[PDB]
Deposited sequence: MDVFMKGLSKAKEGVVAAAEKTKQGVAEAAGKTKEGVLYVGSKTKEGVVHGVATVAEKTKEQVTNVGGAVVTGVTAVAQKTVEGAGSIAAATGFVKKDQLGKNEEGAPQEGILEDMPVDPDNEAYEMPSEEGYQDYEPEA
């Protein structure tokens, strides 16, 4: 793996790794408006400076699935009515 060896008989020996890293982030937001309206699904908004490492599995960042329907032998409606 990540090994460092020196055999003396100034000196520098080094091994370094980086996986899933986020450095310096600077952000300014002044006059922001955000509306979210959902009825029967999934919504993901506003994800900033996120890091991850997964070894023996599934890695997911900002993932949205509306719905999972695995039935066996009723429906699944959604109704976003808006009027004026």
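S.K.: Could you name the stretches of the deposited sequence that have no C-alpha atoms in this structure?
M.R.: Seq positions lacking coordinates: 1 to 13, 23 to 36, 101 to 104, 116 to 140.
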